[PDB]
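Source file: target05.tsv (TSV, N, CA and C atoms)
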chain	number	residue	atom	x	y	z
A	134	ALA	N	-10.56	-5.22	-40.18
A	134	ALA	CA	-11.94	-4.85	-40.49
A	134	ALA	C	-12.02	-3.40	-40.96
A	135	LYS	N	-11.55	-2.48	-40.10
A	135	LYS	CA	-11.54	-1.06	-40.43
A	135	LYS	C	-10.53	-0.72	-41.53
A	136	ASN	N	-9.59	-1.62	-41.82
A	136	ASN	CA	-8.55	-1.41	-42.82
A	136	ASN	C	-8.62	-2.43	-43.95
A	137	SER	N	-9.80	-2.91	-44.26
A	137	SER	CA	-10.00	-3.95	-45.25
A	137	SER	C	-10.36	-3.37	-46.61
A	138	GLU	N	-10.31	-4.23	-47.62
A	138	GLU	CA	-10.70	-3.82	-48.97
A	138	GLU	C	-12.11	-3.25	-48.96
A	139	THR	N	-13.03	-3.93	-48.27
A	139	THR	CA	-14.42	-3.50	-48.26
A	139	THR	C	-14.59	-2.17	-47.55
A	140	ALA	N	-13.95	-2.02	-46.40
A	140	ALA	CA	-14.01	-0.75	-45.68
A	140	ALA	C	-13.51	0.40	-46.56
A	141	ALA	N	-12.46	0.16	-47.36
A	141	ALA	CA	-11.97	1.21	-48.25
A	141	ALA	C	-12.98	1.55	-49.34
A	142	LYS	N	-13.58	0.53	-49.97
A	142	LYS	CA	-14.60	0.81	-51.00
A	142	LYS	C	-15.81	1.52	-50.41
A	143	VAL	N	-16.22	1.14	-49.20
A	143	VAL	CA	-17.38	1.79	-48.58
A	143	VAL	C	-17.06	3.24	-48.22
A	144	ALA	N	-15.80	3.54	-47.86
A	144	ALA	CA	-15.42	4.91	-47.53
A	144	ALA	C	-15.18	5.77	-48.76
A	145	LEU	N	-15.05	5.15	-49.93
A	145	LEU	CA	-14.49	5.86	-51.08
A	145	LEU	C	-15.40	6.98	-51.56
A	146	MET	N	-16.73	6.78	-51.50
A	146	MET	CA	-17.64	7.79	-52.05
A	146	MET	C	-17.57	9.09	-51.25
A	147	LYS	N	-17.49	9.00	-49.92
A	147	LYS	CA	-17.33	10.20	-49.10
A	147	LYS	C	-15.96	10.82	-49.31
A	148	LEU	N	-14.91	10.00	-49.41
A	148	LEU	CA	-13.59	10.56	-49.70
A	148	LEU	C	-13.61	11.37	-50.99
A	149	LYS	N	-14.33	10.87	-52.00
A	149	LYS	CA	-14.44	11.62	-53.25
A	149	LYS	C	-15.18	12.95	-53.05
A	150	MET	N	-16.13	12.99	-52.12
A	150	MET	CA	-16.82	14.25	-51.83
A	150	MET	C	-15.90	15.25	-51.13
A	151	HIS	N	-15.00	14.78	-50.29
A	151	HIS	CA	-14.33	15.65	-49.33
A	151	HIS	C	-12.84	15.84	-49.59
A	152	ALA	N	-12.21	14.95	-50.35
A	152	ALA	CA	-10.75	15.00	-50.48
A	152	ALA	C	-10.28	16.19	-51.31
A	153	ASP	N	-9.09	16.66	-50.97
A	153	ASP	CA	-8.40	17.61	-51.81
A	153	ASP	C	-7.28	16.93	-52.56
A	154	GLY	N	-6.97	17.48	-53.73
A	154	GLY	CA	-5.85	17.01	-54.50
A	154	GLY	C	-5.83	17.74	-55.82
A	155	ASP	N	-4.97	17.28	-56.71
A	155	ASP	CA	-4.76	17.95	-58.00
A	155	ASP	C	-5.88	17.49	-58.91
A	156	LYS	N	-6.87	18.37	-59.12
A	156	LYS	CA	-8.08	17.99	-59.85
A	156	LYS	C	-7.89	17.95	-61.36
A	157	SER	N	-6.70	18.31	-61.87
A	157	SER	CA	-6.39	18.07	-63.27
A	157	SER	C	-6.07	16.60	-63.55
A	158	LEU	N	-5.81	15.81	-62.51
A	158	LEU	CA	-5.65	14.37	-62.68
A	158	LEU	C	-6.96	13.74	-63.17
A	159	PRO	N	-6.93	12.95	-64.25
A	159	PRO	CA	-8.14	12.22	-64.64
A	159	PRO	C	-8.58	11.36	-63.47
A	160	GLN	N	-9.90	11.19	-63.36
A	160	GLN	CA	-10.48	10.39	-62.27
A	160	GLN	C	-9.81	9.03	-62.15
A	161	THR	N	-9.50	8.39	-63.27
A	161	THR	CA	-8.97	7.03	-63.19
A	161	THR	C	-7.52	6.99	-62.72
A	162	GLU	N	-6.83	8.13	-62.73
A	162	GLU	CA	-5.47	8.25	-62.25
A	162	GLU	C	-5.36	8.50	-60.75
A	163	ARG	N	-6.47	8.65	-60.04
A	163	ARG	CA	-6.46	9.10	-58.65
A	163	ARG	C	-6.61	7.94	-57.68
A	164	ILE	N	-5.91	8.03	-56.55
A	164	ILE	CA	-6.14	7.15	-55.41
A	164	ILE	C	-6.38	8.03	-54.19
A	165	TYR	N	-7.47	7.74	-53.49
A	165	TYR	CA	-7.96	8.51	-52.34
A	165	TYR	C	-7.59	7.83	-51.03
A	166	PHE	N	-7.11	8.62	-50.07
A	166	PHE	CA	-6.84	8.12	-48.72
A	166	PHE	C	-7.46	9.05	-47.69
A	167	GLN	N	-7.92	8.46	-46.58
A	167	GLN	CA	-7.98	9.20	-45.33
A	167	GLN	C	-6.57	9.20	-44.73
A	168	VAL	N	-5.93	10.36	-44.71
A	168	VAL	CA	-4.55	10.51	-44.26
A	168	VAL	C	-4.57	10.92	-42.79
A	169	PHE	N	-4.12	10.02	-41.92
A	169	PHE	CA	-3.96	10.34	-40.50
A	169	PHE	C	-2.66	11.08	-40.26
A	170	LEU	N	-2.77	12.21	-39.57
A	170	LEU	CA	-1.71	13.19	-39.42
A	170	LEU	C	-0.82	12.82	-38.24
A	171	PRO	N	0.31	13.50	-38.07
A	171	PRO	CA	1.24	13.09	-37.01
A	171	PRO	C	0.59	13.21	-35.65
A	172	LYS	N	1.07	12.39	-34.71
A	172	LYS	CA	0.60	12.50	-33.34
A	172	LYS	C	0.79	13.93	-32.84
A	173	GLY	N	-0.23	14.44	-32.15
A	173	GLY	CA	-0.22	15.82	-31.73
A	173	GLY	C	-0.88	16.77	-32.70
A	174	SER	N	-1.31	16.30	-33.87
A	174	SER	CA	-2.08	17.17	-34.74
A	174	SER	C	-3.49	17.31	-34.18
A	175	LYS	N	-3.98	18.54	-34.14
A	175	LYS	CA	-5.35	18.79	-33.70
A	175	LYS	C	-6.34	18.11	-34.63
A	176	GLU	N	-6.11	18.22	-35.94
A	176	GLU	CA	-6.90	17.51	-36.94
A	176	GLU	C	-6.34	16.10	-37.05
A	177	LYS	N	-7.11	15.10	-36.62
A	177	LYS	CA	-6.62	13.72	-36.61
A	177	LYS	C	-6.27	13.23	-38.01
A	178	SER	N	-7.04	13.65	-39.01
A	178	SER	CA	-6.84	13.12	-40.35
A	178	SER	C	-7.37	14.13	-41.35
A	179	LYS	N	-7.01	13.93	-42.62
A	179	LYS	CA	-7.44	14.79	-43.69
A	179	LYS	C	-7.68	13.93	-44.93
A	180	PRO	N	-8.80	14.10	-45.63
A	180	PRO	CA	-9.02	13.36	-46.89
A	180	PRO	C	-8.21	13.96	-48.03
A	181	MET	N	-7.50	13.10	-48.76
A	181	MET	CA	-6.59	13.53	-49.81
A	181	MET	C	-6.63	12.53	-50.96
A	182	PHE	N	-6.34	12.99	-52.19
A	182	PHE	CA	-6.07	12.03	-53.27
A	182	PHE	C	-4.79	12.41	-53.99
A	183	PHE	N	-4.23	11.41	-54.67
A	183	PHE	CA	-2.88	11.42	-55.21
A	183	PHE	C	-2.93	10.81	-56.60
A	184	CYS	N	-1.92	11.11	-57.41
A	184	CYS	CA	-1.71	10.33	-58.63
A	184	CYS	C	-1.11	8.99	-58.23
A	185	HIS	N	-1.66	7.90	-58.78
A	185	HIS	CA	-1.20	6.57	-58.37
A	185	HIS	C	0.18	6.25	-58.92
A	186	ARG	N	0.65	7.02	-59.89
A	186	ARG	CA	2.02	6.85	-60.37
A	186	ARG	C	3.04	7.71	-59.62
A	187	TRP	N	2.60	8.56	-58.69
A	187	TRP	CA	3.55	9.33	-57.90
A	187	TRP	C	4.36	8.43	-56.99
A	188	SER	N	5.62	8.81	-56.79
A	188	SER	CA	6.45	8.22	-55.75
A	188	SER	C	5.93	8.55	-54.35
A	189	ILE	N	6.30	7.71	-53.38
A	189	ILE	CA	5.93	7.98	-51.99
A	189	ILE	C	6.48	9.34	-51.56
A	190	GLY	N	7.73	9.63	-51.91
A	190	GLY	CA	8.29	10.93	-51.58
A	190	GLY	C	7.47	12.07	-52.13
A	191	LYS	N	6.98	11.91	-53.36
A	191	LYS	CA	6.12	12.93	-53.94
A	191	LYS	C	4.81	13.04	-53.16
A	192	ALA	N	4.22	11.89	-52.83
A	192	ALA	CA	2.97	11.88	-52.09
A	192	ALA	C	3.15	12.50	-50.71
A	193	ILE	N	4.27	12.20	-50.04
A	193	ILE	CA	4.55	12.82	-48.74
A	193	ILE	C	4.60	14.33	-48.88
A	194	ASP	N	5.32	14.81	-49.89
A	194	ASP	CA	5.47	16.24	-50.12
A	194	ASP	C	4.11	16.90	-50.34
A	195	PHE	N	3.25	16.24	-51.13
A	195	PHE	CA	1.92	16.76	-51.42
A	195	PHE	C	1.05	16.76	-50.17
A	196	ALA	N	1.13	15.69	-49.38
A	196	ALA	CA	0.31	15.59	-48.17
A	196	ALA	C	0.77	16.60	-47.11
A	197	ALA	N	2.09	16.73	-46.93
A	197	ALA	CA	2.61	17.71	-45.98
A	197	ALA	C	2.14	19.11	-46.33
A	198	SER	N	2.09	19.41	-47.63
A	198	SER	CA	1.59	20.70	-48.08
A	198	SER	C	0.14	20.91	-47.68
A	199	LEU	N	-0.75	19.97	-48.05
A	199	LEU	CA	-2.17	20.14	-47.75
A	199	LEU	C	-2.39	20.25	-46.25
A	200	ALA	N	-1.63	19.49	-45.47
A	200	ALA	CA	-1.78	19.52	-44.03
A	200	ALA	C	-1.10	20.73	-43.39
A	201	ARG	N	-0.53	21.62	-44.20
A	201	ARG	CA	0.19	22.81	-43.73
A	201	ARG	C	1.30	22.43	-42.74
A	202	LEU	N	2.02	21.35	-43.04
A	202	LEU	CA	3.15	20.93	-42.22
A	202	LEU	C	4.49	21.36	-42.79
A	203	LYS	N	4.50	22.15	-43.87
A	203	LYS	CA	5.72	22.71	-44.43
A	203	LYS	C	6.14	24.01	-43.73
A	204	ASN	N	5.33	24.53	-42.81
A	204	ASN	CA	5.69	25.74	-42.07
A	204	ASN	C	6.42	25.42	-40.76
A	210	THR	N	13.55	20.12	-38.91
A	210	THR	CA	13.58	19.62	-37.54
A	210	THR	C	14.51	18.41	-37.45
A	211	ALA	N	14.39	17.64	-36.37
A	211	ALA	CA	15.16	16.41	-36.24
A	211	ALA	C	14.55	15.26	-37.03
A	212	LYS	N	13.32	15.40	-37.52
A	212	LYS	CA	12.59	14.28	-38.10
A	212	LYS	C	12.08	14.65	-39.49
A	213	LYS	N	11.79	13.62	-40.29
A	213	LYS	CA	11.21	13.77	-41.62
A	213	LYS	C	9.85	13.10	-41.67
A	214	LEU	N	8.90	13.71	-42.37
A	214	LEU	CA	7.58	13.11	-42.56
A	214	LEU	C	7.66	11.93	-43.51
A	215	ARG	N	6.98	10.84	-43.14
A	215	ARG	CA	6.95	9.59	-43.89
A	215	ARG	C	5.52	9.04	-43.92
A	216	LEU	N	5.09	8.56	-45.08
A	216	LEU	CA	3.84	7.82	-45.17
A	216	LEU	C	4.09	6.41	-44.67
A	217	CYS	N	3.20	5.92	-43.80
A	217	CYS	CA	3.37	4.62	-43.17
A	217	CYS	C	2.11	3.79	-43.33
A	218	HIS	N	2.31	2.50	-43.60
A	218	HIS	CA	1.17	1.60	-43.73
A	218	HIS	C	0.35	1.52	-42.45
A	219	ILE	N	-0.98	1.50	-42.62
A	219	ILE	CA	-1.88	1.65	-41.48
A	219	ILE	C	-1.90	0.41	-40.59
A	220	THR	N	-1.59	-0.77	-41.13
A	220	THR	CA	-1.55	-1.97	-40.29
A	220	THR	C	-0.14	-2.42	-39.94
A	221	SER	N	0.80	-2.32	-40.87
A	221	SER	CA	2.16	-2.77	-40.60
A	221	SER	C	3.01	-1.69	-39.94
A	222	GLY	N	2.63	-0.43	-40.09
A	222	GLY	CA	3.46	0.65	-39.62
A	222	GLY	C	4.67	0.94	-40.47
A	223	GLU	N	4.91	0.17	-41.53
A	223	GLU	CA	6.11	0.34	-42.35
A	223	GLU	C	6.14	1.70	-43.04
A	224	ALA	N	7.26	2.42	-42.91
A	224	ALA	CA	7.49	3.63	-43.68
A	224	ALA	C	7.71	3.23	-45.14
A	225	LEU	N	6.77	3.56	-46.01
A	225	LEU	CA	6.86	3.10	-47.40
A	225	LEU	C	8.10	3.71	-48.06
A	226	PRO	N	8.90	2.92	-48.79
A	226	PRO	CA	10.14	3.47	-49.36
A	226	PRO	C	9.87	4.64	-50.29
A	227	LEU	N	10.74	5.66	-50.21
A	227	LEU	CA	10.47	6.95	-50.87
A	227	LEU	C	10.35	6.81	-52.38
A	228	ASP	N	11.08	5.86	-52.98
A	228	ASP	CA	11.21	5.81	-54.43
A	228	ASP	C	10.12	4.99	-55.10
A	229	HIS	N	9.43	4.15	-54.34
A	229	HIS	CA	8.34	3.35	-54.87
A	229	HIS	C	7.17	4.23	-55.27
A	230	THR	N	6.43	3.78	-56.28
A	230	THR	CA	5.19	4.44	-56.66
A	230	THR	C	4.03	3.87	-55.86
A	231	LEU	N	2.99	4.70	-55.67
A	231	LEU	CA	1.82	4.21	-54.95
A	231	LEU	C	1.27	2.94	-55.60
A	232	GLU	N	1.28	2.89	-56.94
A	232	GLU	CA	0.80	1.76	-57.76
A	232	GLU	C	1.33	0.42	-57.26
A	233	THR	N	2.57	0.45	-56.79
A	233	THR	CA	3.23	-0.77	-56.35
A	233	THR	C	2.45	-1.46	-55.24
A	234	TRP	N	1.65	-0.72	-54.48
A	234	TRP	CA	0.95	-1.32	-53.35
A	234	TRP	C	-0.47	-1.76	-53.66
A	235	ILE	N	-0.98	-1.51	-54.86
A	235	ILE	CA	-2.34	-1.91	-55.20
A	235	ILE	C	-2.44	-3.42	-55.28
A	236	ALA	N	-3.51	-3.95	-54.68
A	236	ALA	CA	-3.99	-5.33	-54.81
A	236	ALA	C	-3.22	-6.35	-53.97
A	237	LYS	N	-1.95	-6.05	-53.65
A	237	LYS	CA	-1.04	-7.05	-53.12
A	237	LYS	C	-1.64	-7.79	-51.93
A	238	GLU	N	-1.22	-9.05	-51.75
A	238	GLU	CA	-1.81	-9.87	-50.69
A	238	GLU	C	-1.42	-9.33	-49.31
A	239	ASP	N	-0.15	-9.01	-49.11
A	239	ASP	CA	0.33	-8.51	-47.83
A	239	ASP	C	0.31	-6.99	-47.82
A	240	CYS	N	-0.36	-6.41	-46.83
A	240	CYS	CA	-0.42	-4.97	-46.57
A	240	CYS	C	-0.59	-4.15	-47.86
A	241	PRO	N	-1.64	-4.39	-48.63
A	241	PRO	CA	-1.89	-3.54	-49.79
A	241	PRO	C	-2.27	-2.14	-49.33
A	242	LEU	N	-2.22	-1.20	-50.26
A	242	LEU	CA	-2.90	0.08	-50.14
A	242	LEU	C	-4.21	-0.04	-50.91
A	243	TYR	N	-5.27	0.59	-50.39
A	243	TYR	CA	-6.56	0.58	-51.05
A	243	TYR	C	-6.99	1.99	-51.46
A	244	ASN	N	-7.53	2.10	-52.66
A	244	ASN	CA	-8.27	3.30	-53.04
A	244	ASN	C	-9.45	3.49	-52.10
A	245	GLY	N	-9.42	4.54	-51.28
A	245	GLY	CA	-10.42	4.70	-50.25
A	245	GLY	C	-9.94	4.30	-48.87
A	246	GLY	N	-8.72	3.78	-48.76
A	246	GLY	CA	-8.21	3.24	-47.52
A	246	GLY	C	-7.63	4.32	-46.63
A	247	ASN	N	-6.95	3.88	-45.57
A	247	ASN	CA	-6.30	4.74	-44.60
A	247	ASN	C	-4.80	4.65	-44.76
A	248	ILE	N	-4.12	5.68	-44.29
A	248	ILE	CA	-2.66	5.73	-44.31
A	248	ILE	C	-2.21	6.74	-43.27
A	249	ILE	N	-0.95	6.64	-42.85
A	249	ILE	CA	-0.41	7.46	-41.77
A	249	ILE	C	0.67	8.37	-42.33
A	250	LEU	N	0.64	9.63	-41.93
A	250	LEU	CA	1.74	10.57	-42.13
A	250	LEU	C	2.33	10.90	-40.76
A	251	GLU	N	3.61	10.61	-40.57
A	251	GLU	CA	4.21	10.74	-39.25
A	251	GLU	C	5.67	11.15	-39.36
A	252	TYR	N	6.15	11.88	-38.34
A	252	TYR	CA	7.57	12.24	-38.23
A	252	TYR	C	8.38	11.02	-37.83
A	253	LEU	N	9.37	10.67	-38.65
A	253	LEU	CA	10.31	9.62	-38.30
A	253	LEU	C	11.73	10.17	-38.38
A	254	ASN	N	12.65	9.51	-37.70
A	254	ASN	CA	14.05	9.85	-37.94
A	254	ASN	C	14.43	9.48	-39.36
A	255	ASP	N	15.37	10.22	-39.93
A	255	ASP	CA	15.94	9.79	-41.20
A	255	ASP	C	16.37	8.35	-40.99
A	256	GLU	N	16.01	7.48	-41.93
A	256	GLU	CA	16.36	6.07	-41.97
A	256	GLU	C	15.46	5.22	-41.06
A	257	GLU	N	14.64	5.82	-40.19
A	257	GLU	CA	13.72	5.02	-39.38
A	257	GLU	C	12.69	4.37	-40.30
A	258	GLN	N	12.32	3.13	-39.96
A	258	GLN	CA	11.77	2.16	-40.91
A	258	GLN	C	10.28	1.92	-40.76
A	259	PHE	N	9.70	2.34	-39.64
A	259	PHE	CA	8.33	2.04	-39.28
A	259	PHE	C	7.96	3.00	-38.16
A	260	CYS	N	6.69	3.34	-38.07
A	260	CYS	CA	6.23	4.14	-36.95
A	260	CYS	C	5.73	3.21	-35.86
A	261	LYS	N	6.05	3.56	-34.62
A	261	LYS	CA	5.66	2.73	-33.49
A	261	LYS	C	4.17	2.90	-33.21
A	262	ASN	N	3.61	1.88	-32.56
A	262	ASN	CA	2.24	1.93	-32.03
A	262	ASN	C	1.23	2.24	-33.13
A	263	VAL	N	1.31	1.49	-34.23
A	263	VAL	CA	0.53	1.87	-35.41
A	263	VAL	C	-0.97	1.76	-35.13
A	264	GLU	N	-1.38	0.83	-34.25
A	264	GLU	CA	-2.80	0.68	-33.94
A	264	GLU	C	-3.37	1.92	-33.28
A	265	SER	N	-2.53	2.73	-32.65
A	265	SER	CA	-3.01	3.85	-31.85
A	265	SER	C	-3.52	5.02	-32.68
A	266	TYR	N	-3.20	5.06	-33.97
A	266	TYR	CA	-3.69	6.17	-34.79
A	266	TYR	C	-5.20	6.08	-35.01
A	267	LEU	N	-5.78	4.89	-34.86
A	267	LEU	CA	-7.21	4.69	-35.02
A	267	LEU	C	-7.92	4.46	-33.69
A	268	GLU	N	-7.23	4.67	-32.58
A	268	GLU	CA	-7.79	4.42	-31.26
A	268	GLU	C	-8.16	5.73	-30.56

Would you mind writing the file out in structure tokens?
Amino acid sequence: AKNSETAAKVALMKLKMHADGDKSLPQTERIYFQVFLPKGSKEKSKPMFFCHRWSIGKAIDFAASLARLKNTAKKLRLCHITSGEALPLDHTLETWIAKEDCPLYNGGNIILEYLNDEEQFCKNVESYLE
């Protein structure tokens, strides 16, 4: 419900008001997320937008920057909000649009979390929204 297509579209207008990102991107090239930050972050989440053709690794790098997490044993990974899957670094965000299983939505939620190198999913994915 909170992670559905409709919930993402309903959140999208506020995300457009509040998100940071590279504003030289044409509007149609942008995908907006509420980005939930690693456990222990005082700020639970931050609104961000990305180029939809960026790789996950690029998006992670951009999000870590905005969240001031570039200032260890673990690497930051974007993780699907329902499956917990650490999205593969080389895939483009575009790859997740529309898909039947665990899509990404323009306006949706996503997780940024410290994982071990090679770790595949973040544990307790439901808890980021609890």

Would you please give, as a ChimeraX atom specification, all residues of region 186-233 of chain A that DSSP assigns to strand (DSSP E) based on the backbone?
/A:213-217

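Residue neighbourhood of residue 135 (chain A), excluding near-sequence residues (fewer than 3 positions): residues 138, 139, 140, 141, 246 and 247 of chain A, at 8 Å, using all atoms listed in the file.
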
Can you tell me, as an MDAnalysis selection string, what residues are no more than 7 Å from residue 178 (chain A) when counting only C-alpha atoms, ignoring any on the same chain fewer than 3 positions away?
chainID A and resid 167:170

Just the residues within 7 Å of residue 251 (chain A), please, counting all atoms listed in the file, with nothing from its chain fewer than 2 positions along; format it as a list in words.
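In the requested format, the answer is residues 169, 170, 171, 172, 213, 214, 215, 216, 217, 249 and 253 of chain A.
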
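Comparing A:237, A:218, A:186, A:229 by their smallest distance to residue 259 (chain A), the closest is A:218 (using all atoms listed in the file).
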
Got a sec to tell me which of region 173-258 of chain A DSSP assigns to alpha helix (DSSP H), as number ranges by chain?
A: 189-199

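You can rank A:190, A:180, A:226, A:241 by their closest distance to residue 148 (chain A) using only C-alpha atoms, and at the top of that list sits A:180.
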
Quick one, how far is CA of residue 184 (chain A) from CA of residue 152 (chain A)?
13.0 Å

Considering only C-alpha atoms, return as a PDB file with N, CA and C atoms, in the coordinates of the input whatever protein or nucleic-acid residues lie within 7 Å of residue 183 (chain A), sequence-local ones (same chain, fewer than 4 positions apart) excluded.
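Writing done, so here's around_7.pdb:
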ATOM      1  N   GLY A 154      -6.970  17.480 -53.730  1.00  0.00           N
ATOM      2  CA  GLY A 154      -5.850  17.010 -54.500  1.00  0.00           C
ATOM      3  C   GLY A 154      -5.830  17.740 -55.820  1.00  0.00           C
ATOM      4  N   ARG A 163      -6.470   8.650 -60.040  1.00  0.00           N
ATOM      5  CA  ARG A 163      -6.460   9.100 -58.650  1.00  0.00           C
ATOM      6  C   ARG A 163      -6.610   7.940 -57.680  1.00  0.00           C
ATOM      7  N   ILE A 164      -5.910   8.030 -56.550  1.00  0.00           N
ATOM      8  CA  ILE A 164      -6.140   7.150 -55.410  1.00  0.00           C
ATOM      9  C   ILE A 164      -6.380   8.030 -54.190  1.00  0.00           C
ATOM     10  N   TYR A 165      -7.470   7.740 -53.490  1.00  0.00           N
ATOM     11  CA  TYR A 165      -7.960   8.510 -52.340  1.00  0.00           C
ATOM     12  C   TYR A 165      -7.590   7.830 -51.030  1.00  0.00           C
ATOM     13  N   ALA A 192       4.220  11.890 -52.830  1.00  0.00           N
ATOM     14  CA  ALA A 192       2.970  11.880 -52.090  1.00  0.00           C
ATOM     15  C   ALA A 192       3.150  12.500 -50.710  1.00  0.00           C
TER      16      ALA A 192
END

Residue with smallest distance to residue 199 (chain A) - pool A:264, A:153, A:223, A:256, counting all atoms listed in the file
A:153

Straight-line distance linking atom N of residue 161 (chain A) with atom C of residue 187 (chain A), stated in Å to one decimal:
15.2 Å

Suppose you want the space between atom C of residue 221 (chain A) and CA of residue 204 (chain A); what is it in Å?
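It comes out at 27.6 Å.
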
Nearest residue to residue 242 (chain A) out of A:193, A:224, A:143, A:219, using only N, CA and C atoms?
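Distance minimum relative to residue 242 (chain A) lands on A:219.
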
Between A:233, A:137, A:244, A:157, which residue has the minimum interatomic distance to residue 181 (chain A), considering only C-alpha atoms?
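Of A:233, A:137, A:244, A:157, the one nearest residue 181 (chain A), counting only C-alpha atoms, is A:244.
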